[PDB]
Amino acid sequence: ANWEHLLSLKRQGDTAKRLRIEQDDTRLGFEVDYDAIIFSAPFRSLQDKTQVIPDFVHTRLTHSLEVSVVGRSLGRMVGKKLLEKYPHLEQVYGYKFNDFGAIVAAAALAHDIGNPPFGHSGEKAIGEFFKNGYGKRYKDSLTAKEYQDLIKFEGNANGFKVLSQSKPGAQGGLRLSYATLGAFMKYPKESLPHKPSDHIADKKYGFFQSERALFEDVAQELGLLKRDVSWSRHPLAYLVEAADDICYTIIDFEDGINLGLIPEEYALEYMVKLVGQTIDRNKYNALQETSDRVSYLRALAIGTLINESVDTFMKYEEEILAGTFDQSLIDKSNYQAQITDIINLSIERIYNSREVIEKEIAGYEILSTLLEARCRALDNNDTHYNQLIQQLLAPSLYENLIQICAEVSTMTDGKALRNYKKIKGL
Amino acid sequence: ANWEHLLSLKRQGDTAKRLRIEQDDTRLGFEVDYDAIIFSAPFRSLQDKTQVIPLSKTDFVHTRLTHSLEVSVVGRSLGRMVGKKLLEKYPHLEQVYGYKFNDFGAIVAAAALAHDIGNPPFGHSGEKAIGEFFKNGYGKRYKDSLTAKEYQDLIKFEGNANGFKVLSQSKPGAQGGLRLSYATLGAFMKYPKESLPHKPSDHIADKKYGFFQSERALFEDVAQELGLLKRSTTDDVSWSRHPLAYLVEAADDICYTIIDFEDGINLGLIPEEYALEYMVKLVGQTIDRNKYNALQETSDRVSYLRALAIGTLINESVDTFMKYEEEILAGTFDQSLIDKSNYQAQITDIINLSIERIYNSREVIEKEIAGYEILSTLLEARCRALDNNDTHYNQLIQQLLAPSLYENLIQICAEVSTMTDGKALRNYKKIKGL
Ligand SMILES: [Mn+2]
Ligand SMILES: [Mn+2]
């Protein structure tokens, strides 16, 4: 793989090559990508979507904003070192270290843009609707991969659809740079085969059958290595994933302490190695509020993990470029012991808290209900009832079903509740 | 002081003495007292009243009823064990007069069952809402038409004193209220004094007062029959506590100390990580740690800890009572039984943890703030209606809430205090349009 091709400024439908040395740096293609996401309706809808808990708790937007800030640091630092490793990238082709930060930042900002309401239970509720719910009727009218798209409905693949979806008057969706689309794709494979290896890149899939032709174009332009289609990941996708990993590990922990779900004493206990070399003890002892102490620990822990993740990337750079790196960056951390205890305590005290369990069980019913109304109106567009269902909710069979799943996933948590209540009369 | 008189079976209005030796043991006056409380409307209303944590439907929280049940079971056990040792010390009590050890358990059980029956809703904010209403609120108006003690009853309104009123209030067709035995009324009365003088000492019996001016004549009859020792020779009357009142108090101390902690752990207000650190001295010699470690639910681990600690404190309290029995009988004991505990420091640590994690939790603070407005509102509407009973709105307030000036104000306070948490909030909500 060549870094010159991985940093493609191509946008969908382009008929001519876009050279980095010819860009107006006030309107750098990569930085425009960030701006286009910020102003888009799917990104705005993350305002009203839940990260884990439904006081102050992170939403998907605040989470995605934090991931994109950590991603920008990761990208800037790795970029600076990539340019010194391969000076021809700057001296011949005109790349600057802020381009790498721009690509990671925009990819990170978009990384959860396709996730449904109710988080990852929402994804499972949609897949369950097709595996065992009303949606099972379509199994024999779908290909294996079309049906696998639905029963393993994947927010990452839905995000790729959201970003690139064509409609009349808007070909190519947000029309992001191919480099940014590359850095977004952390599972560059279709739904089948299911987990062909133990690599994190094979854990899920990254695009629906409906988007396969589009990612084939992205991968061709980027020069991704071929690995049923799948490719070795764009190197920058490891930094997006690292940023995301860092944020939800540390920030969910912080949230759980401030919510009273995790006793505060665990904070220093699990984070002391992560902050020991950089913490100002006099500052820490002077801070009077739990929230101020835990936010200080979090800033230090995140900075420690950013630095290590940059070093892990550079150490394994050629292995990532050859598609032979077998782990995530955070899997290689020296703090893996502490990261594990943090995640396990978060799972115990937050993810399995009664209120989270209750919301996730309720979301199953809410999404199963909205999906069944949509599919029934699709099957019988004739009855009076199904004509009203269409005015209320939606004013090839595979393409109809994948669009039904996509539209349900654009719904905020609140809006999913209201439309569900009306269908049931509440 | 004499135990024969302290164990009086007299009921209010008795024209002839009731000898213990002539009682039917299947209808023992002290055990009839317990049953009369169980079936009384005031005790039933405790079912719908918060003890400390606001009630919910998502979790079990102790109500005033469940708390009072637990205190009477702990008190019955204290009275039984203290009774047997008292009958062994004064065997004339059984061999001549016919007292049995279960008599003492019955007196303490009944007084304990009733000990919180007069408390206003929403906790001690309820009491201070009532007090401040007459100190500086609308109630200030009446100060000059009231004696210093009548007024003190209002500005320092006390649920213990309202409990005594509740238990003995005379109404048409029902003179003497529940008509409990004087022994039970003596065990109930932990502050045997009027509202003034205010805290004349550091003794726990002088921290508050135990009866309103409207009940003074009744408690004078009670203290005379029991032979309680005088603690004042002025026109401000006061008496040494009935010895069994020390056992009611200890049962109460034991239950809210250990059981508030238990509730705080089960509700997640106190981290479970603290359970063994705070209980280890109370349970260390009797706990079966293998059994504790085999229990798989938090609520089971903490109920095991609670039952061990309560057992520990019951035995110790029985021993403390008997070691200080003559001082208590002479009215010279100056503290509570629990104050003398060898676990005093651990009890204090548990109580402070509960204050920090439960009483200062947001929900308990929110409730006390809400209570202050709900009760102040109800008191304002009752008292305005009392002053101008002619207006149409005040006739409605009378129909909604209540279908001598002091006797009216003390009755309004008693009626507001015996409202359940829900009825008070509903009436508040309607007075304010919701
Ligand atoms: Mn994320
Ligand atoms: Mn009590």
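Just follow the structure's listing: the first ligand is 1, and inside any ligand the first atom is 1. Because only heavy atoms are used, hydrogens play no part in the values below, and waters and symmetry mates are left out as well, while side chains stay in. Chain letters run A, B, ... following the sequence lines, proteins first, then strands; residues in each count from 1.
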Review point. For A/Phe160, what residues pass the ring pair (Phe, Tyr, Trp, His ring centres under 6.0 Å) criterion, not counting sequence neighbours?
Key: A/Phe215

Point to revise | salt bridge (charged side-chain N to carboxylate O under 4.0 Å, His left out) partners for B/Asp253, two or more places apart | key: none

Study note, to complete from the structure: Nearer than 2.8 Å to the Mn ion (ligand 1), the protein contributes N, O or S atoms numbering 4

Check your understanding: Are B/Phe157 and B/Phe212 near enough that their ring centres are under 6.0 Å apart?
Key -> yes

Exercise for review: Find out whether A/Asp252 and A/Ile342 are in side-chain contact, i.e. whether some heavy atom of one side chain is under 4.5 Å from a heavy atom of the other.
Suggested key: no

Exercise for review: Check whether any side-chain heavy atom of A/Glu123 sits under 4.5 Å from a side-chain heavy atom of A/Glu154, and report yes or no.
Suggested key: yes

Study note, to complete from the structure: Residue set satisfying salt bridge (charged side-chain N to carboxylate O under 4.0 Å, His left out) with B/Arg306, at least two apart, ordered chain then number -> B/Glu262

